[PDB]
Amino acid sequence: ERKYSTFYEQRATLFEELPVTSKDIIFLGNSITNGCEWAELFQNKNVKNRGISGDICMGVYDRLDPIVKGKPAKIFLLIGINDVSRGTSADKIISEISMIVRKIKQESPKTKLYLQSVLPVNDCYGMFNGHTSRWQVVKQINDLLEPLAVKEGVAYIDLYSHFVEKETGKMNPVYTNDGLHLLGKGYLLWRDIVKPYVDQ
């Protein structure tokens, strides 16, 4: 909306005022990143939120500078579900994620970059139909995102296999109250999956 536009500039202007240091562990993405208290979840003061609700691949791309100038230890990226909601193809989304990977590697070569599987979605709550109705695209993106990681020599994290239900290909509803965002237990699963990579 005009709200997501305005919220973007609020969060982006704030991040411009906060220093990133070489010890930092950045979580970078859309609402699913924005929704967490990352330092609390890992109990690690070097872990920082660079999530913006409604963010898309090129929104993340356009605000790398206040993050990369700090040369953080780690970036955990989760992006693309909002690009799905706009009818963008997995291939187009992969090309944009490529720009982010290559920009990070060039501006901050020492940063460990971890590409996180797009999370599954679920239309069972009848919300975010632009997202939940393109549930098949989640798999499409990750089947390309993993080889993108191998080619660019960066880690791929499979969150998807944990959050997904075997026989639907949709978000386990115990992780979500809308089919898109995580409840507490959703972030506790994330924590258990990614924790070993926060402590590499």
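When you see a residue number, it is the position in the sequence shown, counting from 1.
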Test of understanding: from the entry's C-alpha B-factors, which stretch has the higher mean, 26-34 or 154-162? 154-162
Per the record, averaged over C-alpha atoms, which has the higher B-factor: 139-147 or 49-57? 139-147
For 82, 89, 116, 98, the deposited C-alpha B-factor is largest at 89
Using only the C-alpha B-factors in the record, can you name which of 20, 180, 183, 14 has the highest? 20
Quick check for you: using the entry's CA B-factors within this chain, is residue 131 in the lowest, middle or highest third? middle
Would you please rank residue 121 by its C-alpha temperature factor against the other modelled residues of its chain and give the third it falls in: lowest, middle or highest? middle
